[PDB]
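J.:
There are 2 protein chains.
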Amino acid sequence: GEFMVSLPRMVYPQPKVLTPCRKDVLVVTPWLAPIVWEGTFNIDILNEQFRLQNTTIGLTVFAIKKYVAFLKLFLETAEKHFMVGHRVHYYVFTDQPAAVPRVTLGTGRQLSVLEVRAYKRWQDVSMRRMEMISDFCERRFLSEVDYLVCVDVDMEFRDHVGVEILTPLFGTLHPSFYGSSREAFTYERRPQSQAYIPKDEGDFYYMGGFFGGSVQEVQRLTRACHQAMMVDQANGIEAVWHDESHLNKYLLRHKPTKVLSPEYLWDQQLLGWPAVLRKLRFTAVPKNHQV
Amino acid sequence: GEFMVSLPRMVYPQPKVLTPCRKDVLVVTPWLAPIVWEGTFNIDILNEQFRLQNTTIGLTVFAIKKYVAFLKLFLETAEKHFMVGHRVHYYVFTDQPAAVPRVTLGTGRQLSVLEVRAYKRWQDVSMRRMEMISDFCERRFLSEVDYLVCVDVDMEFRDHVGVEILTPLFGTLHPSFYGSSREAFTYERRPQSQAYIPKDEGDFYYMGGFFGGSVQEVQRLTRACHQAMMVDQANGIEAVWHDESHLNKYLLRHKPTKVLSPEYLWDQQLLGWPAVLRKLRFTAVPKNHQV
Ligand SMILES: O=c1ccn([C@@H]2O[C@H](COP(=O)(O)OP(=O)(O)O[C@H]3O[C@H](CO)[C@H](O)[C@H](O)[C@H]3O)[C@@H](O)[C@H]2O)c(=O)[nH]1
Ligand SMILES: O=c1ccn([C@@H]2O[C@H](COP(=O)(O)OP(=O)(O)O[C@H]3O[C@H](CO)[C@H](O)[C@H](O)[C@H]3O)[C@@H](O)[C@H]2O)c(=O)[nH]1
Ligand SMILES: [Mn+2]
Ligand SMILES: [Mn+2]
Numbered sequence: 060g061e062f063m064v065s066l067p068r069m070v071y072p073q074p075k076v077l078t079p080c081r082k083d084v085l086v087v088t089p090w091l092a093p094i095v096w097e098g099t100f101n102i103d104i105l106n107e108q109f110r111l112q113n114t115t116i117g118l119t120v121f122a123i124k125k126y127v128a129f130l131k132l133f134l135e136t137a138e139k140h141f142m143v144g145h146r147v148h149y150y151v152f153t154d155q156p157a158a159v160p161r162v163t164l165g166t167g168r169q170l171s172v173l174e175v176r177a178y179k180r181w182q183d184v185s186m187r188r189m190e191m192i193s194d195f196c197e198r199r200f201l202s203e204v205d206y207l208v209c210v211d212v213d214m215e216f217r218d219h220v221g222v223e224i225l226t227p228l229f230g231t232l233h234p235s236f237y238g239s240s241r242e243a244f245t246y247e248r249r250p251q252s253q254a255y256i257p258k259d260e261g262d263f264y265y266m267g268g269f270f271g272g273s274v275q276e277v278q279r280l281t282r283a284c285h286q287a288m289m290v291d292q293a294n295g296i297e298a299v300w301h302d303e304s305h306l307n308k309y310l311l312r313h314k315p316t317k318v319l320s321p322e323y324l325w326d327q328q329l330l331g332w333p334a335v336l337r338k339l340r341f342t343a344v345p346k347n348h349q351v
Numbered sequence: 060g061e062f063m064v065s066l067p068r069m070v071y072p073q074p075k076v077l078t079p080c081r082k083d084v085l086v087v088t089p090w091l092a093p094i095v096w097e098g099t100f101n102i103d104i105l106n107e108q109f110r111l112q113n114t115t116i117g118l119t120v121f122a123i124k125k126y127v128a129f130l131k132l133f134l135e136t137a138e139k140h141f142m143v144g145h146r147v148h149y150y151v152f153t154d155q156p157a158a159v160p161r162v163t164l165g166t167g168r169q170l171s172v173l174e175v176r177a178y179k180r181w182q183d184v185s186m187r188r189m190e191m192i193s194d195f196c197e198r199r200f201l202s203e204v205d206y207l208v209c210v211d212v213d214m215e216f217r218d219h220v221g222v223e224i225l226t227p228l229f230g231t232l233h234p235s236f237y238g239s240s241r242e243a244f245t246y247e248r249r250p251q252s253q254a255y256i257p258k259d260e261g262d263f264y265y266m267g268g269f270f271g272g273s274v275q276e277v278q279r280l281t282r283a284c285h286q287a288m289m290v291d292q293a294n295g296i297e298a299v300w301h302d303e304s305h306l307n308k309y310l311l312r313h314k315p316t317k318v319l320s321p322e323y324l325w326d327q328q329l330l331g332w333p334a335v336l337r338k339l340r341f342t343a344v345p346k347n348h349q351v
């Protein structure tokens, strides 16, 4: 939120008030947050706005135990598609620093390897990211980046993922549930859990694999989710979908300022390529669950 | 931007991703700013969000010379429709403090009468609002309100105008031009003016009668428009639409974070009640121009 200088002259098509960009999908939430789909944004305008602020984006990714194998494709495709032209700082959290592949980066981009402990259960590995993002890295992130983007590693970039996502707080629509009614969402349904959401509440089902925002908002979210997980652990309960359950509770009670469409987290294997998706931007890589 | 506590449990209809709110109009700009139309927002959610921040809204209005006659209806209808339930501070700028009508206010609402000089030409009266809002009232507004809303007085509220409009910076689509191509917009077209916009630039034509934002953003806008008007005056040129021309230049170069639809500034006399308007919220009162 620093003083913003004027945009230069730009030549682009006039937005027309009586022509929607997209008529097939919801492009704004009932709390007036944009839902980001292809056709809703002019990337040239957004790139100008964010470049004029010299925006730095941090990207966090965890690669613990066998998941180090996903890093090469993840990082090489991020170089092709993630925030190209902007300052990027990758933060790779791993138990095997020597297994991080040497990936060639474009100018203005850097990578830090952060060693962490590996936990036995994949559920605990997934869940402990909230603590790792918040408690350990609070001060570093505040000094080094403007926004944090927190993603799964078992993924590849296939198309543009850029500054259109940046906002104080965002979540991403889970690709399996964007057409589902709220009663069908796999929220935590046990009232004994901090993640509990009743059947008559819920806006969306957000996937735990892609969330972000300003550093302050991300530290708030990760701190709250970590605290809620600790309460659950003390009470002998583990939410049905782990960190994702808590993320969903948080974003129900603290509405995101943008929502990313499932373009931003897709599984083509599983779900194909429906008409509503004009681009598949960030997609699941096969993982043979029982990695 | 203070710490935001959690929303309470709320029961409301689920937003459905594959059902747009409105298919007849553009509801988001190409820079991802919501365009505020009826059907795009859930006021209960927004009221909760803004009440939890104890939001105070300042409303500025100028009533100089014969325009004091418009104050009674303006203020009485604002009491019925403007930010009801929230803290409101009216700032009435006038050359005739004794002519301000005694209007009964709801709880949490206050009115201040600010005496100013009357200028001879209606164009100068209109134009000098930018200076009056910025230079004179900078410190007061920063201490007293969170958002400023700056409107014409020759108007009445007929329907809800609430926290859905609040954002760092907003303008309102001029009711005569929302369907027009940019070449038809009455921007200042002389390159000798600071307000100059070429025929191949422009997003929208914003009306000078309804704009606002955070206090900081409004002071930035009003300061920039005042400075630009002073440059024009020194160069012997007066923009075709005065302050409105400068407002349009500013919002071209500094994109608003929400845009209000013409629901928010309408003239039923002149334009009727088209199908695209589900509500007429803030409307022109007859003024017999040659007042
Ligand atoms: O042995 C492991 C297990 C997990 N992870 C990390 O944890 C992430 C999440 O695990 P998976 O990708 O195996 O799980 P899913 O793809 O099923 O994940 C979805 O469900 C999870 C909760 O069960 C999380 O919320 C996750 O973010 C969401 O995308 C991985 O991408 C990886 O970054 C590891 O590094 N090593
Ligand atoms: O003698 C006057 C003349 C003007 N005004 C103030 O200036 C405002 C703007 O003047 P008008 O309402 O007469 O002009 P329009 O309705 O045609 O205004 C439109 O065009 C103007 C520029 O020409 C401004 O930009 C204005 O905000 C925009 O709504 C008035 O509402 C009032 O608040 C007075 O108080 N007294
Ligand atoms: Mn995954
Ligand atoms: Mn007017």
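Protein chains in written order, with the authors' numbering: chain A, 60 to 349, 351; chain A', 60 to 349, 351. A prime marks a further copy of an entry chain.
Idealized CB from N, CA, C, for every residue including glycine.
Would you check whether ligand 6 has a heavy atom nearer than 8 Å to the C-beta of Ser185/A?
T.: Questions concerning ligand 6 fall outside what the structure shown contains, since the ligands it does hold are ligand 1, ligand 2, ligand 3 and ligand 4.
J.: Taking all protein chains shown into account, decide if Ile256/A is buried (16 or more other Cβ within 10 angstroms of its Cβ) or exposed.
T.: Residue numbering aside, residue 256/A sits at position 197 when the first sequence is read from its first letter. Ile256/A comes out buried.
J.: Who are the Cβ neighbours of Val299/A in its own chain at under 7 Å, not counting the five residues just before and after it?
T.: Stepping through the first sequence from its first residue, residue 299/A is reached at position 240. Excluding positions up to five away in sequence, the list reads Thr245, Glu247.
J.: List the residues of chain A that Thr99/A' touches, going by C-beta distances under 8 Å, in chain order.
T.: Working through the second sequence from its first residue, we reach residue 99/A' at position 40. In chain order: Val87, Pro89, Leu91.
J.: Would you list the residues whose beta-carbon is nearer than 6 Å to any heavy atom of ligand 3, in the order they occur in the chain?
T.: Residues flagged by the Cβ proximity filter: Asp211/A, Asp213/A, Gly268/A.
J.: At 9 Å on the CB atoms, spell out the chain A' contacts of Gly261/A, in chain order.
T.: Your numbering for residue 261/A matches position 202 in the first sequence. Chain A' residues near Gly261/A: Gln73.
J.: State the Cα-Cα distance for the pair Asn307/A and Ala254/A, rounded to the nearest angstrom.
T.: The residue given as residue 307/A occupies position 248 in the first sequence. The residue given as residue 254/A occupies position 195 in the first sequence. Distance between the alpha carbons of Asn307/A and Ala254/A is about 8 Å.
J.: Between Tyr246/A and chain A', is there a C-beta pair that is closer than 9 Å?
T.: Here the question's residue 246/A lines up with position 187 in the first sequence. No - not a single Cβ of chain A' is within 9 Å of the one on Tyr246/A.
J.: Put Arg199/A' into one of helix, strand or coil per three-state DSSP.
T.: The residue given as residue 199/A' occupies position 140 in the second sequence. Helix.
J.: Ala343/A': beta carbon under 8 Å from a heavy atom of ligand 4?
T.: Taking the second sequence and counting its residues from 1, the one referred to as residue 343/A' is at position 284. Within the cutoff, so yes.
J.: Could you spell out where the alpha helix (DSSP H) holding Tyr255/A opens and where it closes?
T.: Within the first sequence, residue 255/A is the residue found at index 196, counting from 1. No alpha helix (DSSP H) holds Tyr255/A; DSSP gives it neither H nor E.
J.: Quick check: is the beta carbon of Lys125/A nearer than 9 Å to any beta carbon in chain A'?
T.: For the purposes of this step, residue 125/A is taken as residue 66 along the first sequence, with counting starting at 1. It does not: the Cβ of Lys125/A has no partner Cβ on chain A' nearer than 9 Å.
J.: To which residues does DSSP link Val172/A through a beta bridge?
T.: Working through the first sequence from its first residue, we reach residue 172/A at position 113. Answer by DSSP bridge pairing, in chain order: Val151/A.
J.: Going along chain A in order, which residues have a C-beta closer than 8 Å to the C-beta of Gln278/A'?
T.: Position 219 of the second sequence, counting from 1, holds the residue named residue 278/A'. Result: empty, since nearest Cβ-Cβ is about 12 Å, beyond 8 Å.
J.: Once you ignore the five residues that flank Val86/A' on each side, which residues in its own chain have a CB closer than 7 Å to its CB?
T.: By 1-based counting over the second sequence, the position of residue 86/A' is 27. Cβ within range, chain order: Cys80, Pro93, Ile94, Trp96, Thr99.
J.: Applying the 10 Å Cβ sphere with the 16-neighbour rule, what's the burial state of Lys317/A?
T.: Along the first sequence, read from residue 1 onward, the residue named residue 317/A stands at position 258. Per the 10 Å Cβ criterion, buried.
J.: What is the rounded straight-line gap between the Cα of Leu310/A and the Cα of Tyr264/A?
T.: Locating residue 310/A in the first sequence gives position 251, where the first residue counts as 1. Locating residue 264/A in the first sequence gives position 205, where the first residue counts as 1. If you take the alpha carbons of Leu310/A and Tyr264/A, they lie about 9 Å apart.
J.: Give the DSSP-derived three-state secondary structure of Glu107/A' in the structure shown.
T.: Residue numbering aside, residue 107/A' sits at position 48 when the second sequence is read from its first letter. In the structure shown, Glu107/A' sits in a helix (DSSP, three-state: H, G or I).
J.: With a threshold of 9 Å between beta-carbons, can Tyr237/A be considered close to chain A', or not?
T.: Taking the first sequence and counting its residues from 1, the one referred to as residue 237/A is at position 178. So yes, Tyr237/A belongs to the interface.
J.: Mark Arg188/A' as exposed unless 16 or more other C-beta atoms lie within 10 angstroms of its C-beta, in which case mark it buried.
T.: Residue numbering aside, residue 188/A' sits at position 129 when the second sequence is read from its first letter. The residue in question, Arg188/A', is buried, as its Cβ has 16 or more Cβ neighbours within 10 Å.
J.: Take every Cβ of the stretch 218-234 of chain A, pair it with every Cβ of the stretch 266-275 of chain A, and state whether three or more of those distances are shorter than 8 Å.
T.: Yes, the stretch 218-234 of chain A touches the stretch 266-275 of chain A.
J.: Considering only C-alpha positions, which residue in the set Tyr126/A, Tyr149/A, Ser239/A, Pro156/A is nearest to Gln349/A?
T.: Position 290 of the first sequence, counted from the first residue, corresponds to residue 349/A. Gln349/A has its Cα closest to that of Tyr126/A, out of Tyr126/A, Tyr149/A, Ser239/A, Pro156/A.
J.: Using a Cβ-Cβ cut-off of 9 Å, state whether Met69/A counts as contacting chain A'.
T.: Residue numbering aside, residue 69/A sits at position 10 when the first sequence is read from its first letter. Chain A' contact via Cβ: present.
J.: Alpha carbon to alpha carbon, how far is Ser252/A' from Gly267/A'?
T.: Counting from one through the second sequence, the residue named residue 252/A' turns up at place 193. Counting from one through the second sequence, the residue named residue 267/A' turns up at place 208. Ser252/A' and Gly267/A': Cα-Cα distance of roughly 18 Å.
J.: With DSSP run on the structure shown, which of helix, strand or coil describes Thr114/A'?
T.: Here residue 114/A' refers to the residue found at position 55 of the second sequence. Correct three-state label for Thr114/A': coil.
J.: Quick check: what's the CA-CA separation for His140/A versus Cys196/A'?
T.: As a first step, residue 140/A is located in the first sequence; it is residue number 81 there, counting from the start. As a first step, residue 196/A' is located in the second sequence; it is residue number 137 there, counting from the start. Near 47 Å, if we compare the C-alpha coordinates of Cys196/A' and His140/A.
J.: Taking Cβ positions, are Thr114/A' and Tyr237/A' nearer each other than 9 Å?
T.: Locating residue 114/A' in the second sequence gives position 55, where the first residue counts as 1. Locating residue 237/A' in the second sequence gives position 178, where the first residue counts as 1. Against a cut-off of 9 Å, the Cβ pair of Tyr237/A' and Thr114/A' comes out as no contact.
J.: Going by the beta-carbon positions, is the gap between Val159/A and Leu132/A smaller than 9 Å?
T.: For this step, residue 159/A is matched to residue 100 along the first sequence. For this step, residue 132/A is matched to residue 73 along the first sequence. Their beta carbons are not under 9 Å apart, which means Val159/A does not touch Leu132/A by this criterion.
J.: Taking 9 Å as the CB-CB cut-off, is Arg282/A touching chain A'?
T.: By one-based count along the first sequence, residue 282/A stands at place 223. It does not: the Cβ of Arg282/A has no partner Cβ on chain A' nearer than 9 Å.
J.: Please go through the same chain and pick out, in chain order, the residues whose beta-carbon is closer than 6 Å to the beta-carbon of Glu242/A', but skip the five residues on each side of it.
T.: Within the second sequence, the letter at position 183 stands for residue 242/A'. Cβ neighbours of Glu242/A' beyond the five flanking positions: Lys258.
J.: When we look at the beta-carbon of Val290/A and count the other beta-carbons within 10 Å, is it buried (16 or more) or exposed?
T.: Position 231 of the first sequence holds residue 290/A. Exposed: under 16 other Cβ atoms inside 10 Å.
J.: Do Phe121/A' and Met214/A' have their beta-carbon atoms positioned less than 9 Å apart in this structure?
T.: In the second sequence, the residue the question calls residue 214/A' occupies position 155. In the second sequence, the residue the question calls residue 121/A' occupies position 62. The answer is no: Cβ separation not under 9 Å.
J.: Using a threshold of 9 Å, state whether the C-beta atoms of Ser185/A and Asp326/A are closer than that.
T.: Numbered from its first residue, the first sequence carries residue 185/A at position 126. Numbered from its first residue, the first sequence carries residue 326/A at position 267. Contact flag unset, no.
J.: Does the Cβ of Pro315/A' have 16 or more other Cβ atoms within 10 Å, making it buried, or fewer, making it exposed?
T.: On the second sequence, residue 315/A' is found 256 positions in, with the first residue counted as 1. Classification of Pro315/A': buried, given that the 10 Å Cβ count is 16 or more.
J.: Return the first residue and the last residue of the alpha helix (DSSP H) that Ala137/A is part of.
T.: Here residue 137/A refers to the residue found at position 78 of the first sequence. Its alpha helix (DSSP H) spans residues 130-140.
J.: To the nearest angstrom, how far is the alpha carbon of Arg282/A from that of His305/A?
T.: Translated into the one-based positions of the first sequence, residue 282/A becomes position 223. Translated into the one-based positions of the first sequence, residue 305/A becomes position 246. Rounded to the nearest angstrom, the two C-alpha atoms are 11 Å apart.
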